[PDB]
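Take a look at the structure set out below.
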Amino acid sequence: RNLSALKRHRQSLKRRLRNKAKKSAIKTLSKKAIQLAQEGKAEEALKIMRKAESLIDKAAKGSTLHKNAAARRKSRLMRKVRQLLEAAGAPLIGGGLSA
Amino acid sequence: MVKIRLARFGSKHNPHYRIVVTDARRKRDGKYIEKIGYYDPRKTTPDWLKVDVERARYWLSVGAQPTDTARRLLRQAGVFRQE
Amino acid sequence: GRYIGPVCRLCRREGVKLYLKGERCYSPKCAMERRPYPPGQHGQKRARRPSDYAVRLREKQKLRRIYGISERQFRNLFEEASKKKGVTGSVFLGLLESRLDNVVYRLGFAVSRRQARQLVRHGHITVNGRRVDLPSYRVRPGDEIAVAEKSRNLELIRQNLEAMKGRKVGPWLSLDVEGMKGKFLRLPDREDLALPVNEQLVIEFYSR
Amino acid sequence: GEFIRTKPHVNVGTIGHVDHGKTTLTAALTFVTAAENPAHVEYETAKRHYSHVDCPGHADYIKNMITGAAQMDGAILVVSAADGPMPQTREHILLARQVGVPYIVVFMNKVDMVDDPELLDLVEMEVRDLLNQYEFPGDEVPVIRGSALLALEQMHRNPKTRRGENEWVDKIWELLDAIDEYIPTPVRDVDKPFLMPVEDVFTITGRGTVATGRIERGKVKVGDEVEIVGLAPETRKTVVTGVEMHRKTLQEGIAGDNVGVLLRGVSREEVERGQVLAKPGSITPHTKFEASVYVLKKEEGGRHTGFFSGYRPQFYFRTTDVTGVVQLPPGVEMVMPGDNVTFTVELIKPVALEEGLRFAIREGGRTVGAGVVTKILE
RNA sequence: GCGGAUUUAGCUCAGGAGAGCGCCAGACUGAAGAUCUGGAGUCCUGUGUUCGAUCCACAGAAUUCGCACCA
RNA sequence: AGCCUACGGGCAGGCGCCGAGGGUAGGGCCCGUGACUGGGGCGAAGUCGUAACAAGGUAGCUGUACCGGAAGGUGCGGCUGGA
RNA sequence: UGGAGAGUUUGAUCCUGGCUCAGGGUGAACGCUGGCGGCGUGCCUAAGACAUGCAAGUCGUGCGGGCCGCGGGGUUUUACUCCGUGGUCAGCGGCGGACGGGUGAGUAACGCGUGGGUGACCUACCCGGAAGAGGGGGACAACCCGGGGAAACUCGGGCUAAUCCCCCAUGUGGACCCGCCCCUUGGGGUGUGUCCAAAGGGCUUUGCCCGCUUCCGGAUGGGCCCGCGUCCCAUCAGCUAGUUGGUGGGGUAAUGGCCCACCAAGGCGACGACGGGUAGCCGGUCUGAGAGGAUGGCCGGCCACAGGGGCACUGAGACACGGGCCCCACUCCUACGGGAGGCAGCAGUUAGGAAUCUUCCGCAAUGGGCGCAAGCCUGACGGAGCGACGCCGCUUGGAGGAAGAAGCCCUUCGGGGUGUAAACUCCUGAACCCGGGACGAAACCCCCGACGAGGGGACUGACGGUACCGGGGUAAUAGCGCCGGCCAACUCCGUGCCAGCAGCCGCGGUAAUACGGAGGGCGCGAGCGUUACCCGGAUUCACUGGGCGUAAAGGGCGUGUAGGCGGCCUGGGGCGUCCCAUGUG
Ligand SMILES: C/C=C\C=C\[C@@H]1O[C@](O)([C@H](CC)C(=O)NC/C=C/C=C(\C)[C@@H](OC)[C@@H](C)[C@@H]2O[C@H](/C=C/C=C/C=C(\C)C(=O)c3c(O)ccn(C)c3=O)[C@H](O)[C@@H]2O)[C@H](O)[C@H](O)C1(C)C
Ligand SMILES: Nc1nc2c(ncn2[C@@H]2O[C@H](COP(=O)(O)OP(=O)(O)O)[C@@H](O)[C@H]2O)c(=O)[nH]1
Ligand SMILES: N[C@H](C=O)Cc1ccccc1
């Protein structure tokens, strides 16, 4: 009947459950960030936005995010931050973004 | 990856391969990327083996593991001998 | 294949005496020499003017029957000939003459084309050394066509080449009666051949 | 599952009046022997391997009994001790004689219903006399007394029941012993050209058509070329793709074996009951022949009127029956019962025929003649 | 294989083998037609029952429809 | 409210949009079949009359209109392929 | 280097016009018949349903164990059973399972074809170059313990190894925001800030081999986009809400209403929109003198699908035929408590149909997956089997033999025909018999050199004891269609508008070359006929290459829109047109 290839499935699952996680972190972590820019914060936002970055490029190592998807997430993430702190705040706290 | 191997032709009980370079994936007698020779494992003709080297030379200079027996013939036609 | 059956029955009909048996077809009895009329209950009765088609037909059937070769085989040659560049009319014959069985006849080894076949078939003939039994086989210019060693002593092949001592043969040939081995000089040109046939009709017929 | 030939093979079956116990005995026989060796069944004793056909025995199955009995090396006549011989007991005995069943073993069944020693001896006496009446050696046949039902129920209770443990089961062993000893193992014509009359044809779902029958002579194995002769318009030739014994793969079937022969590329529309499978060129289909025929006397169950030209009775050849037109010699208007004569016949359908082939002549359900093919005309 | 239905003049069809039709022939025609004259089974087979069988009984055959199982 | 933690967070679970199909409703397009009914095609010698071809024995034909067993008749107008 | 026409409307004629025949072709089928072999080829119908067996795995040179069979002592001994190696069963982990094989259902579409675009993109394994791998940590199977089930298989508990997952470091480099210079759709460089790396295993072990990580280039394989080309009906004429565009997002490897808000009202159509029908596309194939007409079976290329429909996950790559989830239909199994399956893979069964095969041998070769390799798998493939289905080669004999057996058919009763045919005589010798016996197979592997270049050694054949060679060696199958004309081939008898024939014309009514038998003849021959379908002839849809006064065909006439077409002369551009070269094909 069965022909041992199920392992792929078995593995499949695991691998899924695996990145599903980290991926969400990126999100929750990202939102958290923007939420502080929208809330017009400063450092904490960047600190987050900063941590954000790292968590992403990290996901790029595995079979999760890759190619430009990598950048895409960032090229936007920090793209908004700046365009949220330009509402007075000013990158007073040296974070990922550079003046 | 890309390979240098033989492709059957001729008739039944009468092989007549064709020294060629194709993507591994394509089928045996599939569509080649470029021919480089022919080989008759029976020498019915005095000219059974034959290989344009410059070409075979190139396809290697760009990476292209040839079948073990693709090496044979190639070699035999003095493809690697450098003096 | 090779017909099989009554022949001096065509040595008739066609009217034109053609040699299918050889030896006898010289006697005072090719039957044509005895019966100048077509076979059958009728045959000898006022015959109607053959239609412009019957002609083109009867000629063909003639020539073909001469070599005793199947329509299929015949036809194929014709076409091939119609294909090869040059005067199709002539050509045809060439290819039609290049048949081993034929050669082996003109080269005297055989008293008649029908007998020729047999010989060629039974391996009694050979070419450029190796032997052949493909009557159909088309001999190229420059080929040596001789009897096989084992055959060299056949009571027949003997009696045959016997008479050959003396007689000359086809300008496009060369028989070495001694070592009984002829050669193929070149493809004969119309003038060289001389059969009771107008190759044109045949051509025509095949455009019916 | 494979079948390995290890003991001499014999074909038997059950005959006897309706309800006397033929089918119950057949089941008992398989269960009883199953304890030792792990409507057509098989079972074996320490001496032989048996193929057993259980005859329903009804009037509408007459043609089936004919072919079934014709392939038996011996028959088991079941007679109920509570009823004694009945019409079918007599009918099956005559048929057995006419188709040549060589030996008869009697099993007086239902003795669990009769204890009176006198009644039991009377029944045996009646059966022996009945057999003598049709020329069977009634005074010599084995007559085993038992109960097929009690033996069967015992095996159902204890499938492992062995000989010597139960009186009823032991009665079945008495029968098995009698069968082993009284019914001789016939000599099989295994050295002659293969020939097997087709009994039935089926399609083994997902495997192809299969033709069953008892090999009359010769042998057959996968890869063998065989001709299907008779009945159809032309003889068909194919290759054997399988040979089975009771649905078990068989190395090679031999004369005497009742097997299933799976055929290549032939549909159940190309092979049928009555045709014969045979070595190519060994037998041919014919319709016209001459034969020496004995017209049965009225005292032998035949008719009191004789045969006449134009008569169209049924001719029974191996596993089928075909209508044939009788033609008597010039001057002869009739062949009377009790006489032996030679006449010509033209069947309405081709049949695999050969000189010396025996056949019976019946008009409806009555046997009126016994003949032998003496010359094939076409 | 098991069962039912079916199987009567050339065509259509019903216990003392019939009706209808047209159908066949003759005469006439140069012919055909039209008109006039005239004429006319084995009842699927066999056997049996009966004074007598298309009809009743048995055996069989063939056609047909449903059922059939699966080395 | 649960589970994990390296306290950021993850999973489970909850809600929503999309959603195969399923239901109900009302349309569109095509095929089959239907009592009867309408004409049409073809089929050796059945009926009725004679429209047309020779002024076809009232020139013929034709659009229209009415009418009559049937061809057809007639009215108006037209054409010659009629005089 | 290429083109032929005939029969049939009439008393006869010319014209028009349809019908018809002669040719070629087919994955054929049906009838009668049927000897040998080679190479090809074989479900066109129900993308209907399927028994059984086999079709995708492979690494111990990534990790730890279970079971089985060898070798060897640390405390003083059995026990915590610590170690090197050779089997087997799974587990973990890696790579393959996206190729290969099957089918044409759907699709009228950027699907296919062709030629370009990508400053809008990806690409595992393979090549080339640059650069590195220092420290800790983590948990899940296997396994052990207890439990439920007929089965399929599953829950609770306790351990553990990594090239498994994770963090910190180092960051040649690479990613992202802003600014500058260069270039121009998001391309190349650069400044600050921020962010991201690694895996060990094996031998001849401070020396290599196989791997790991990062980046740039190459090669191969794709995604997306665009111009032109690609079916019948207009008795389908108007179509459209994500519909057309826009700003901002979301989404992706990336462009884009692909998607979502908000806004603007557009977008397409007689150059045929929309709708119905039908269909996989091409390379080619068939016919034709060609132009065309028809076609898309085998093989090659593209697409599409895996019982019907939807959806994601894993991954370089799939929405994945022999992976997963759900709904539906269907079939099955059962211990009636639940579960199982998906041949449009090979072969085989059933149904349907006019009809389409062996449940074969082998991995020896080629090609593919994994591995350092030995090597394992491979119904891919290589071979064999079945069918005159096709093509080709070949046999049933050869030379003699009568002013001419017999039989049979004609007969003007002399004779004529079959007919050199036969018999008969000589010679050859398919079949069969015995002997020998392959090519396809040189690599991978082993030694020297450096495991390279170059040289030497060794193994391996399914088909097959077959081809083929040599010796012996018997005269050893013929059938089908036709014979009034077209169209080659005629007489007798039977029959009597009956029976029957028949492609069109037609034949048969008592002397039939037309029906049926016969003698004879013509044709083709292991085939010959028939039915079906495509092109031709058909200049019969006519561009080549036709027509409309009476043969079918001028609109009842006019006005005029779109469209089609356009006098003479001079000059500019150069789209059509024409030439050359080059890419492509
Ligand atoms: C019998 C059916 C089919 C047989 C087919 C072929 O038969 C065979 O050809 C077979 C070969 C002989 C055959 O032809 N059998 C064909 C025939 C063969 C006949 C013989 C031998 C015989 O001798 C004259 C012997 C039996 C002989 O008769 C006697 C019988 C007397 C019966 C009287 C019954 C009478 C008044 C009666 O009213 C009656 C009755 O009581 C019971 C049942 N019913 C219905 C009755 O009416 C006695 O028994 C003797 O022994 C072969 O066997 C074939 O292989 C087979 C089997 C293919
Ligand atoms: N009492 C009794 N009944 C029996 C016996 N054998 C059979 N039977 C029964 O009798 C009936 C007929 O049995 P069956 O074998 O079918 O008879 P068949 O017609 O000869 O095959 C069934 O009901 C059986 O159970 C026996 O030995 N004793
Ligand atoms: N051996 C065969 C198959 O089992 C015997 C048989 C035939 C026919 C029917 C049942 C049994």
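Don't overthink the numbers, they just go from 1 along the chain as shown.
So this one's electron microscopy, 6.4 Å, going by the header.
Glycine residues also receive a Cβ, built from the backbone N, Cα and C atoms like all the rest.
Taken from Swiss-Prot, the feature Zn(2+) binding site applies to C:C8, C:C11, C:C25, C:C30. According to DSSP, C:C8 (Zn(2+) binding site) sits in a coil region rather than a helix or strand. Counting Cβ atoms from all protein chains shown, C:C8 (Zn(2+) binding site) has 21 others lying within 10 Å of its own Cβ.
Sequence annotations record features per position, and here Swiss-Prot assigns domain 'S4 RNA-binding' to C:98-160.
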Exercise. Determine, from DSSP, whether C:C25 (Zn(2+) binding site) sits in helix, strand or coil.
Key: coil
Quiz item: What is the number of other Cβ atoms found within 10 Å of the Cβ of C:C30 (Zn(2+) binding site)?
Solution: 20
Practice problem: With a 10 Å radius around each C-beta, find which of these binding-site residues (C:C11, C:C25) has the fewest other C-beta atoms nearby. | Solution: C:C25
Quiz item: Setting C:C8, C:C11, C:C25, C:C30 aside, what same-chain residues sit with their Cβ within 8 Å of the center of the Cβ atoms that define the Zn(2+) site, listed in sequence order?
Solution: C:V7, C:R12, C:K17, C:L18, C:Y19, C:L20, C:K21, C:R24, C:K29, C:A31, C:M32, C:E33
Quiz item: How does the domain 'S4 RNA-binding' (C:98-160) divide up by DSSP, counting helix, then strand, then coil residues?
Solution: 25 helix, 10 strand, 28 coil
Practice problem: Based on DSSP, name the secondary structure state of C:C30 (Zn(2+) binding site): helix, strand or coil. | Solution: coil
